[PDB]
Amino acid sequence: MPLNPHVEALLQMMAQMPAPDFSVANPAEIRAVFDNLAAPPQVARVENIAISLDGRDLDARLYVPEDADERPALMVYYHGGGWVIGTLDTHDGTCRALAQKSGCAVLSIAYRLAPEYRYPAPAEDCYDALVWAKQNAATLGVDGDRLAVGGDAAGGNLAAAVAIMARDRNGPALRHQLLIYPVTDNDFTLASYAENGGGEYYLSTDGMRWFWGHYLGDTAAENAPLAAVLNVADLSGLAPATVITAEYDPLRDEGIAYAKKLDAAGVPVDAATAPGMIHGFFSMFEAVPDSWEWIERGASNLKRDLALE
Amino acid sequence: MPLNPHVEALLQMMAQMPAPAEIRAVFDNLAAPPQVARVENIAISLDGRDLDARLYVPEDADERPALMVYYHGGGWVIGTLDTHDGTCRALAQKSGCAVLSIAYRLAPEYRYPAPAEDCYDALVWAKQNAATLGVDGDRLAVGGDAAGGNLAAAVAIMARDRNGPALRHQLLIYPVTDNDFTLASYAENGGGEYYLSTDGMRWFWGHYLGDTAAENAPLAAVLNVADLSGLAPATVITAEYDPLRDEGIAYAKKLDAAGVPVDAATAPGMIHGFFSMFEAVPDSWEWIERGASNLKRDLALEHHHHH
Ligand SMILES: O=C(N[C@H](CO)[C@H](O)c1ccc([N+](=O)[O-])cc1)C(Cl)Cl
């Protein structure tokens with residue numbers, strides 16, 4: 001029986017990886033190379049946390065990075081997955097990566113998912129969770145005065161909405177919003193949807209129709225102000241943003257767009273499209289070494305806006 | 001910029017894989033660590049030393065589940081709770097049993113027999129502290145991959161010889177059982193193009209034994225133990241393109257010959273370490289499932305009427 005084709009593709013992929021050319025095979029070197037290969041990014045502590053809110057319990061996970069401060073700043077993170085899928089486990093690597101590179105604690109929220117809980121519910125979970133974290137800051141062991149929200153894809157959509165909710169509802173003061181290739185609108189005619197939406201690049205335009213439909217259900221996009229945050233008339237007074245888009249992401253244009261509108265309304269923004277990258281690439285750092293550059297970039301903005309002043 | 005070549009290689013890797021509640025069931029389980037209900041970082045205080053441990057309790061385990069005590073691989077020199085986290089989650093999930101992953105002390109800092117005595121002592125702790133762990137101390141099993149399967153095999157032998165915890169199973173995943181590098185699979189598979197090399201194994205063995213000759217290390221080269229009878233029923237899963245294939249098979253044959261019930265097979269087309277590769281190689285799941293299924297059978301819950 002010949003080599004399993006997938007094992008072959010794995011071996012090829014391991015072979016095209018950045019050499020760690022330690023000059024000699026001693027136990028410390030071999031250990032570092034195997035840990036780099038086979039373990040998720042190291043953090044000091046990971047705590048499975050139950051968040052009891054009015055009406056509902058949400059699972060969450062606290063990541064505390066090695067060499068963080070006594071009481072580090074916190075970013076409350078919202079996984080992506082089109083408001084329909086995604087778990088704490090699918091984004092465990094991404095949260096660890098961000099925590100490691102920012103030196104910030106990261107609290108990842110398992111908000112309730114559509115269609116079971118259609119739009120207003122998931123964003124209310126995410127907002128109520130940021131509130132919970134603020135009010136239980138000392139109990140988590142973090143500084144609730146240095147708060148951020150972040151998220152990828154649908155999660156970036158939720159983080160933008162929470163930032164809006166926190167400004168409108170006069171909630172937790174946020175030092176940053178980290179938006180990683182975020183969903184911002186349901187206009188599927190955009191250039192990048194034609195260019196990138198065929199399914200060739202993981203995420204497809206039809207996927208996004210499917211997601212949006214499950215999230216909104218019977219609500220009209222126009223009657224869903226925290227869904228298409230791109231359509232929010234006024235984006236002034238929002239937390240400083242980082243908006244990283246990907247070149248071959250169907251969401252690229254609308255994400256780029258939102259960043260422009262934030263910059264228009266006065267919000268400080270670092271905004272970049274990652275060359276050669278697809279949707280979901282923050283989560284692909286194990287196979288795509290170049291993902292780390294952009295992870296480091298976003299975390300570097302967080303580390304700056306969350307500094308103990 | 002052109003599409004990133006690592007990204008493009010990843011994309012064709014996904015494309016190379018065949019095929020709301022059902023949709024989540026699939027996509028949540030690709031490129032992600034398998035979900036379990038509870039994961040607890042545990043410290044084990046033994047005589048002379050404290051070991052790190054991690055307890056995995058899967059979804060839909062019994063009120064007081066069976067326990068497999070698991071020993072990671074890494075040639076007795078490398079590996080952590082973190083490097084084998086994914087593997088432990090997969091086995092807990094597919095078996096329905098709790099899994100206790102043990103961070104035994106590593107060679108060359110701690111040479112044979114130290115890592116083995118850690119692994120045995122951790123089993124005895126787990127049985128003694130079953131109420132503390134919330135598991136059923138009468139439904140115990142050991143397991144491990146590579147040098148971890150070696151340690152599991154050695155522990156099953158020690159538990160037998162020392163009137164130690166009764167074991168219902170030993171799951172041995174492409175185990176190291178001997179340092180005979182003359183064997184066929186080393187010549188065929190031990191070149192280095194298949195992850196593990198004969199040279200790698202020499203290195204590991206050198207670090208593990210130190211000055212001690214193999215002939216004086218029966219709990220290391222378990223293939224040189226005379227009487228394997230009365231040992232825990234075994235699963236021994238080897239890999240076609242693994243240098244360790246042949247000594248794994250040999251150990252299985254000797255288990256069987258001694259009257260130990262053994263499920264033994266060679267995963268066709270697979271390399272050393274493929275149980276840990278299930279995110280990239282979904283066909284690994286077939287073998288994970290078989291191994292975990294044998295665990296589940298031998299760690300069977302007792303009868304309870306439901307009326
Ligand atoms: O023993 C070794 N690796 C073993 C292979 O069994 C280890 O079990 C392992 C390999 C790969 C892996 N992964 O890619 O997640 C995890 C563990 C050495 Cl050759 Cl580095």
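Throughout, a chain's letter reflects where its sequence line sits, starting with A, and its residues are numbered from 1. Whatever order the structure lists them in is the order used to number ligands and atoms, beginning at 1.
In this structure, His84(B) has its ring center no closer than 6.0 Å to that of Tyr71(B). Note: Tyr56(B) and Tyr70(B) fail the aromatic proximity criterion, with ring centroids not under 6.0 Å apart. For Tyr195(B) and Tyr241(B), the ring centers sit 6.0 Å or farther from each other.
Counting heavy atoms under 4.0 Å from ligand 1, residue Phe275(B) does not touch it at all. Here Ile78(B) has side-chain heavy atoms under 4.0 Å from ligand 1, and that is the only part of it that gets that close.
In summary, the atoms of ligand 1 found under 4.0 Å from a heavy atom of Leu196(B), numbered by their order in the structure, are 19 (Cl). Heavy-atom proximity to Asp145(B), at under 4.0 Å, picks out these atoms of ligand 1: 8 (O).
Ligand 1 lies within reach of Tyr174(B), whose nearest heavy atom is under 4.0 Å from it. Ligand 1 has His84(B) within reach: a non-hydrogen atom of the residue lies less than 4.0 Å from it.
Using a 4.0 Å cut-off between charged nitrogen and carboxylate oxygen, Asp199(B) and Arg202(B) count as a salt-bridge pair. We find that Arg96(A) and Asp92(A) are joined by a salt bridge, their nearest charged nitrogen and carboxylate oxygen being less than 4.0 Å apart. Between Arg111(B) and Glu117(B) no salt bridge is recorded (no basic side-chain N to carboxylate O distance below 4.0 Å). Using a cut-off of 4.0 Å between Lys/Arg side-chain N and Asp/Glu carboxylate O, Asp50(B) and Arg105(B) are scored as not salt-bridged.
Of the candidates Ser276(B), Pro175(B), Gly86(B), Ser276(B) brings a heavy atom nearest to atom 16 (C) of ligand 1.
Considering only non-hydrogen protein atoms, atom 1 (O) of ligand 1 sits nearest to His272(B) CE1, 3.7 Å. Protein heavy atom closest to atom 17 (C) of ligand 1, with residue, atom name and distance, is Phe34(A) CZ, 3.2 Å. When hydrogens are left out, the protein atom nearest atom 10 (C) of ligand 1 is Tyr195(B) OH, 3.0 Å; that is the closest non-hydrogen contact.
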